[PDB]
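A single chain comes next, written as structure tokens; it is the form deposited in one PDB entry.
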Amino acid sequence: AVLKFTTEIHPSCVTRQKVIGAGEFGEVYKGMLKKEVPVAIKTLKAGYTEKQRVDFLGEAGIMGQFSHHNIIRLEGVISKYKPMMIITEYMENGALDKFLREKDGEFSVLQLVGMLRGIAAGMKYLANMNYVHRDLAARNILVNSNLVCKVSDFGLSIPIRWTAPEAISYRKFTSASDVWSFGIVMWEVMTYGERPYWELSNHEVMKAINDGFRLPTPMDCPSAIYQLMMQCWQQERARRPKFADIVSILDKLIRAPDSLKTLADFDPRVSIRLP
């Protein structure tokens, strides 16, 4: 019953080619699905525990439930044969963090903001479906050949720098802690994948947040975008925007693109004196 919105795939339709990650109890592969379509394949290999099986099929079950442009698509599952597999689409451009770092300065502000709107729309969908992501970060977002961002969860995780204070302090993970994370993702996108808080240690990051410091504006960043990410980082959880608010604002900014021409002041760490 866990697999109501999933398609069962026969093993003869799947070819694994190269290991591209690790799972809870199995290896993630790049592969092909049957013209042939590229896929990512997470396996659950012999010896898995009862809890691992419940978690693995549960993951497939929730993923099949999601049908949205900005959420990774489940192609299907192999549950009747061993090893069991979860099969998703494969996005040629890979994960957003590495993508932006390899394409520094190559996109327009409107393109970057459009990526954030797509991420926000996927997260609005997840929150409305009563799913808390808990690990929203550019490393967990895939990019397709139309620049469409798809929220995913590669399970490689607490990511302190992305996590709201209440989730760190007392393990309260909600859609509002995912909003804090989204604000960090906005900063990642607008900086082309800079490391949040740079070289500060995890303890230093938490101390800075608790003392009220926040990440400074990225270079070339629209004022409205920095204002929005700053409101995602409010200490009081109830004061943060909901994802519906975020989607609404980003859609309005995109539809009136002159709104993005007003840039927030950048604080220069270096000064160069020239005549």
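So that there is no doubt, residue numbering starts at 1 and follows the sequence shown. Take the two forms, superpose them, and find the largest set of C-alpha atoms that agree within 1.5 Å; that set is the rigid core.
The same protein has a further form, the form deposited in another entry, not shown here; the description that follows concerns it.
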Quiz prompt | Which one of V185, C149, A120, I86, by Cα shift of 2 Å or more between this form and the one not shown, core superposed | solution = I86
Quiz item: Has the Cα of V77 moved 2 Å or more between this form and the one not shown, judged after a core fit?
Solution: yes
Quiz item: 2 Å or more on the CA of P241 between this form and the one not shown, with the rigid core superposed, yes or no?
Solution: no
Self-check item: Large Cα move at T49 between this form and the one not shown, threshold 2 Å, rigid core
Solution: yes
